[PDB]
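One chain follows as structure tokens, the form deposited in one PDB entry.
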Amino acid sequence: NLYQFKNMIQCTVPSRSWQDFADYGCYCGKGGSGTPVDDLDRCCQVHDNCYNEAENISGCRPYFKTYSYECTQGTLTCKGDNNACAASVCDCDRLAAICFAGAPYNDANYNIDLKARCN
């Protein structure tokens, strides 16, 4: 769920406030369309697409599904007790969190005008 994803981000990128990734480019947060503006945005595009794919699973609601995971000593792990939905969503979140940690953060790309720039 989003709370868990927030925690994944807090654990792979403790140097930023989680909310720095909640409204960035065309895909991080709200958004879900247009040209990814940079590598961080591309991380979010893959994440968004990953969620859309997980939503094909019956009863699978990525913002809400509580999965089983651990963030310890620099590593994120999706646990074996996860059903197909939980495993898929956890993987989406894990990969995105790792992606965020390796992407440059451009302040100019925070809170961009989606209606104008993400068509």
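Note that residue numbering begins at 1 and tracks the sequence as displayed.
Below, we turn to the form solved in complex with a partner chain, even though it does not appear here.
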Would residue 36 count as a contact of its partner chain in the entry with it bound, using a 4.5 angstroms cut-off between non-hydrogen atoms? no
Is the gap between residue 90 and its partner chain in the entry with it bound 4.5 Å or less for some heavy atom pair? no
4.5 Å heavy atom contact, residue 67 and its partner chain in the entry with it bound: no
Within a 4.5 Å heavy atom cut-off, is residue 30 in contact with its partner chain in the entry with it bound? yes
